[PDB]
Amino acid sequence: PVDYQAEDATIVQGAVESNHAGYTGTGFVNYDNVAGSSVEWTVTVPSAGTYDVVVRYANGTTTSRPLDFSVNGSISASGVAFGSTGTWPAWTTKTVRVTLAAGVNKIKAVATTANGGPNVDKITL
């Protein structure tokens, strides 16, 4: 049951920020508000199979901000909606099923809409 901080991951069109309370680690990733913004985590698991990946995020708007999840090149979850949390400090979790190989994997979450992604604190699996 391991935490992988977003601010420690590979960030494309985003910024490590810390101005909303409740994040874990040293901060969170604020996705740029464009399609294509992404965070990519390097994770390690002991066995091949499908893992529950718990995404901790916030969305202080009324519009869902969908992400596509992929593992080392291949789609894992398409159009996962990240709906309102009301305020930016009100972190919530959503579980996404991802199939992994034994050992090291990269899990990428890319924003598919012009609003970019929710703010993302971490994933846990």
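Residue numbers here begin at 1 and follow the sequence given.
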Practice item. Could you settle it for me: does 89-97 or 67-75 have the higher average Cα B factor in the PDB entry? Key: 67-75
Practice item. Choose from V34, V80, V55, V29 the residue with the greatest Cα B-factor as stated in the PDB record. Key: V34
Review point. Lowest, middle or highest third of the chain for the C-alpha temperature factor of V39?
Key: lowest
Review point. In terms of the CA temperature factor given in the entry, to which third of its chain does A9 belong: lowest, middle or highest?
Key: highest
Review point. So where's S18 on the chain's Cα temperature factor ranking, which third?
Key: middle
Review point. When the modelled residues of the chain are sorted by Cα temperature factor, does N59 land in the lowest, middle or highest third?
Key: lowest
